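Chains as they are written, first to last, in the authors' numbering: chain G, 4 to 908; chain E, 11 to 166; chain F, 151 to 296.
Don't be surprised by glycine CBs; every beta carbon is placed ideally from N, CA and C.
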Amino acid sequence: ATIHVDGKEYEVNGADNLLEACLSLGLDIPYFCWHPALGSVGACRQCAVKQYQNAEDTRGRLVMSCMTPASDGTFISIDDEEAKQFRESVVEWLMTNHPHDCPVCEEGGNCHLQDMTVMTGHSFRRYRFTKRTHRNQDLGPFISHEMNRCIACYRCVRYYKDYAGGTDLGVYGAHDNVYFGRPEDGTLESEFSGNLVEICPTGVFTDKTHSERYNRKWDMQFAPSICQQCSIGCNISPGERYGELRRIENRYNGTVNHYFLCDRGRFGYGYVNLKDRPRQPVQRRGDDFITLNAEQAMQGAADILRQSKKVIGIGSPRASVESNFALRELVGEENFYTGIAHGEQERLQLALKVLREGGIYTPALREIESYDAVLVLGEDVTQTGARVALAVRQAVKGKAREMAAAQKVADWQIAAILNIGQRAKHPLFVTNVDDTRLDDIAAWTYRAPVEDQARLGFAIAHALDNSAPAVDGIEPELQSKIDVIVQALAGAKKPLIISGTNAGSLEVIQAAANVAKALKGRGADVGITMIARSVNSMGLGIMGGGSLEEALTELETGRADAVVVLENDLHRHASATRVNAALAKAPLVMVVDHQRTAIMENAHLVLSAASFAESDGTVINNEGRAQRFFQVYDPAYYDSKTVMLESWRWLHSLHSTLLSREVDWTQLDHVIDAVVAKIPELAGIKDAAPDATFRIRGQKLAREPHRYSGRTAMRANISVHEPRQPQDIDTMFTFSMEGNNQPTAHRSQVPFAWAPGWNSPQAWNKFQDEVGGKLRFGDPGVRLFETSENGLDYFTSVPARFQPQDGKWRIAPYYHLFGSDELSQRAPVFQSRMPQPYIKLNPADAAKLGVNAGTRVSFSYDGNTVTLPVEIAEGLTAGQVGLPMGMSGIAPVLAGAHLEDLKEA
Amino acid sequence: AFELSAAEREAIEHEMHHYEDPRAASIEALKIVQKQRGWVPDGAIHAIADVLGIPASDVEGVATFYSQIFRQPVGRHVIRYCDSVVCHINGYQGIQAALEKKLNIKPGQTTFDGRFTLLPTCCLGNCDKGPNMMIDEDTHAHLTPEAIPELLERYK
Amino acid sequence: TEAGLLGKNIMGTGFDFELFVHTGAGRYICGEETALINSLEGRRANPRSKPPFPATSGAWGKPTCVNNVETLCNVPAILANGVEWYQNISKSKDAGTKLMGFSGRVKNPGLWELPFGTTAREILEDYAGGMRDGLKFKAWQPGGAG
Ligand SMILES: Cc1cc2nc3c(=O)[nH]c(=O)nc-3n(C[C@H](O)[C@H](O)[C@H](O)COP(=O)(O)O)c2cc1C
Ligand code: SF4
Ligand code: SF4
Ligand code: SF4
Ligand code: FES
Ligand code: FES
Ligand SMILES: [Ca+2]
């Protein structure tokens, strides 16, 4: 199209509204109620521009730019006096009841309302009457509530209800007494309640975890990183102050996690600030855990490895590509073992084979929202890959969007979208051992054991295409439901099959692969998504290695007398007794870790590794996209005796000391080159981010904002002499003010969004090419593998029915967003949000044992009896028993396994 | 501790098949609970949400949006005197002063024994016979401050 | 309903129609058409912006039209006593009659019916009969509070 803004010609998209078209061009228009993801409602009355009918018009007409489409030849004015007077008046009306709270408000310096008050030029108050006040509700441990600061812009209710699909946040009252919150006191039950701290333009919803140890946005040292709490790999901005990780802000990625994270990845960062973490290397001599610096620890470790007959290495899916590869070089690729069990590794390798050899295009997380039918097989998406569940909700509302678009309604008229789309929505068929959080919008939910879920998928694949292996033993009404699912998937333009490794069944993955292949063979634009468990599970699968059982047999037989455990607690993937016995038999245990685990008591040496906040590296997400995360802060800047190095740095210097008897603290780009030389299937991680020589017109990228304060006084209590600015030889970033964070800088790794006049999270509008689109100069991250030309073949191994045998109980995994990822359970703010460990039972099974709800029953697995209180699950099937995966004592490896001696305590 | 009765649930269902959307019976269900108890307690919002299927936030927003659905407990009889423009021309101020002298309360407050609750209301559709005062089933018109004690003593 | 005027098979026409009465809950904004549609659906009575329009997507997205009581009561006269006769009632740009009256400190408040073109003074001293004793005409407001 063509618009005339103050006489200047501009070329914009004709389908866009005028506010987003003018914001894409860099023009500044105040706005509150419009969000790029939530659509438009036109409440705040802030985006007024004067539109003219033709080229020569004097009076014009004041119009709302978030309702006005950017049609061809549209003449508007922004800076003329009438529009500025109206926008200043609207800001003034918002400022009548606003509390005098900016010094004691967590949004100060990060406030959209402050930015728009300053931008409109309104600074003189002529209101002398009283201001309305509101009582503050309790929203739980994550979100702090303060309703005095609200401007009634309706963004919270729009996001939480329409977008996030929540049910316990609403607007109450009329006129100026509108109240936004829950009907009563309680925790916000949505898994994406944390995004309200960025959706809300004011300080109504604030980060309570940040509020405990609060600092302003200009004082925060930011870095671009990847969230380490599940396999989705949402881009984040961890920001620190005074040596502790303070906040996790959302980092815009137009491909993955544009405006939204989940609650686990926003509030589960508290394990970094734990005081029991190893900070210096520790050697156990006799029973004395003495403390070394880096050099003597490396020398002694290299010696004690040098007179050992065989050294094995147990990596982890928590660790990065570089650290696992450095361990692989240290011990040799024959003696390198992945830290996961055999069944988990089999499921992970099958998921990788489906992704990179199945011939079906795996979609990006932003691209999930543009699919017409979703079949989720076996994966509890909301509890394991929650952001994928949010994107699935968007794809389900896509039917209402399409129905509105068929009747001359644009995509930003979300009110008309919901008016036309009353209750019609895209088909969603979720399958699990119990009820999920997607069942409120799902067209069908199938509660069945994982064998029966796999059989459902196999029957769907056979009904879609007769070349798939058939299933015998389908009940007729279940067959009618298969026909309904097949009719929904066949009529869809873009179907999407979502599975993963969390179900604990290979056959569900095989069934999802066969459904995707059958839909591909009909000519549909089918996509397949696979949810892995940990942050770098796909990278560990691509790198490969032996399973944990092989390493345990090597330690127990005596062929290996030296074990190097990299960032693995070893109890989540194997039984505790076997791991403890194997590590007790081994005369040399060396744990390279950043979290105090149970295996460090048996460890002979502990290398204090760094977490994601104090290290760089590359992680591969569930879609196969390599993503680089950078160090946020130097740990030794505040505590000089802290020796907390990168895991790959520790292992590379250990290998160098073992070989040539000197320490070699390498550079990250050297390890990247070693990975892309030794491992050609990981050769794409070089393009994930540019190397340390990357500059923007000669200068590096600044970690901290321009107004970083206190630099001559933040360490003055230790010494009045200012220390060294920490030098970053690994990355293109600097630990200082002196860098570049321009929105027009030719770069993709943006540490934080800030623009002059835009201090809120709305500065991402300045950092994007067009608002709500991609990051300018491309989104960061690169896919490792392309879609294969030829696919796989149909998996003929159709599993049998689940037969409940007496005395044996099938463990059904019940994942929790707060409690399954180990590092998140380490966080102290998650210990109040997580539920108490309850064992889930069928009513028929509870009647058979004669136990009621809440009774403590004991069960013995691997020779250890543990007691749990019983919760009655109606959606479970008979012969199964529900257990919470990931909690203390209940490893996620227990999923899909039998359980013995289920009796009342 | 709340439980919808069989009669209230039957009335809510009977209102529910009138419309094609169970959400459309939310206002009438709230009015049914209002008639059968006098006010809408905290558990009633959750009960209406459970019966209808809509979330409790929607029912709470509907109950708090409308002025004639009471969420706080009131007395046995409510007083809803018109304070709009025509009744202001007719002089509702004397009626309000007489009511505040008799009941010894404030508009919006209730009596100590729960005998009456003093409230203003919107237009009552009785401008030609203003001022008007709305009690539970009666629309008293041609109000005078001398007749307020005579009118308030016939309700117990 | 007991006379067959509503429901099925209305005097052999075959047109199916049924009417239900929904009582309000005391809010002035419910009178607006889009807000009436929103309050009929059971939500908070918030108006809807144009576009869209309630003639296309009204109640629950369906075609829905809302008419006043006076319009729906003037419809039978237009339909039964002819169209050109209804045009020959008031000789002005507006055709038809209107319910009219005065209220507030007048001698005879009430409601009458007047054709278009009637001056406002003709209700003061004729139908209302003027005001009470010792009252001067300071102001008047024709169309209610808005
Ligand atoms: C704020 C507002 C309040 C209204 N209240 C009423 C009302 O109470 N009763 C009524 O019959 N019309 C009311 N109307 C008018 C109609 O709702 C609507 O605007 C339209 O004029 C109806 O056209 P009609 O006369 O053909 O029915 C109101 C209009 C507005 C803008
Ligand atoms: S929300 Fe913004 S304007 Fe309001 S008190 Fe906080 S910083 Fe100030
Ligand atoms: S609480 Fe925040 S997001 Fe919600 S209406 Fe108020 S200012 Fe807007
Ligand atoms: S969905 Fe996973 S990767 Fe994304 S924020 Fe949540 S825990 Fe982190
Ligand atoms: S942004 Fe347009 S009125 Fe709110
Ligand atoms: S103004 Fe009071 S009844 Fe109408
Ligand atoms: Ca580093």
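Contact note: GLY211/F reaches chain G through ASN422, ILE423, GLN425, using a C-beta cutoff of 7 Å and chain order. Taking a Cβ-Cβ cut-off of 7 Å, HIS24/E has no neighbours in chain F, whose nearest Cβ is about 11 Å from it. Per DSSP, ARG48/G lies in no alpha helix (DSSP H) and is assigned neither H nor E. Counting only beta-carbon distances shorter than 5 Å to the non-hydrogen atoms of ligand 1, the qualifying residues in chain order are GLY181/F, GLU182/F, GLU183/F, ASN217/F, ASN218/F, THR221/F. DSSP places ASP694/G in no beta strand (DSSP E); its state is neither H nor E.
Contact with chain F is absent for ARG47/E, since none of that chain's Cβ atoms lies less than 8 Å from the residue's Cβ. In the three-state reduction of the DSSP assignment, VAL216/F falls in the coil class.
Ranked by how close their Cα comes to the Cα of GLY362/G, the residues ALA516/G, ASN469/G, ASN867/G have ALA516/G in first place.
Annotated as proximal: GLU372/G and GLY401/G, with beta-carbon spacing under 8 Å. Close to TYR277/F, with beta-carbon spacing below 9 Å, lies no residue of chain E; the smallest spacing is near 12 Å.
Remark: the shortest separation between the CB of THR136/G and any heavy atom of ligand 3 does not fall under 7 Å. Neighbourhood of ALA177/G in chain E, by CB distance below 9 Å: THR74, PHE75, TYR76, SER77, in chain order. The DSSP assignment places complete beta strand (DSSP E) segments of no fewer than 3 residues inside the region 207-241 of chain G at 208-210, in order along the chain. Listed as beta-bridge partners of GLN286/G by DSSP are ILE293/G, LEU608/G.
Counting only runs of 4 or more residues that sit fully inside the region 655-720 of chain G, the alpha helix (DSSP H) segments are 671-681, in chain order. Distance between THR532/G and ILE444/G, taken at the CA atoms: about 19 Å. Minimum Cα-Cα distance from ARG581/G among the listed residues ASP306/G, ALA554/G, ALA606/G, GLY548/G corresponds to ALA554/G. Taking 7 Å as the cut-off, the C-beta of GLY135/E counts as close to a heavy atom of ligand 6.
Counting of Cβ neighbours within 10 angstroms places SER43/G among the buried residues, the total reaching 16 or more.
In the assembly as shown, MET26/E is a buried residue. Its beta-carbon has 16 or more other beta-carbons within 10 Å. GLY157/F and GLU168/F do touch by the CB rule: their CB atoms are close to 6 Å apart, below 8 Å. At a Cβ-Cβ threshold of 8 Å, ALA408/G and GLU194/G do not count as neighbours. Within the chosen limit of 7 Å, ligand 6 reaches the beta carbon of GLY140/E through at least one heavy atom.
Residue contact check for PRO186/G against chain E: a CB pair falls below 8 Å. Taking the C-beta atoms as reference points, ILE545/G is found no nearer than 8 Å to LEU330/G.
For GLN634/G, the distance from the CB to the nearest heavy atom of ligand 7 is below 7 Å. Neighbourhood of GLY45/G in chain F, by CB distance below 7 Å: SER199, in chain order. Taking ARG710/G as reference, the option from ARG219/G, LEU308/G, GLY885/G, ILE154/G with the minimal CA-CA separation is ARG219/G. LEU499/G carries a strand assignment under DSSP once its states are collapsed to helix, strand and coil. When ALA40/G, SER508/G, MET406/G, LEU28/G are compared, the shortest CA-CA separation from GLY257/G is found for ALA40/G. Note on geometry: alpha-carbon atoms of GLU84/G and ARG62/G lie some 12 Å from one another.
Distances from the CB of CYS203/G to the heavy atoms of ligand 3 include at least one below 7 Å. Identification of chain F residues near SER36/E by a Cβ-Cβ cut-off of 7 Å yields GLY192, ordered along the chain.
For the region 380-452 of chain G, the continuous alpha helix (DSSP H) assignments of 4+ residues that do not extend past its boundaries occur at 384-387, 389-408, 417-423, in sequence order. Against chain F, the CB of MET70/G has a partner CB under 8 Å away; the residue lies at that interface. DSSP places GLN630/G inside the beta strand (DSSP E), whose first and last residues are 628-632.
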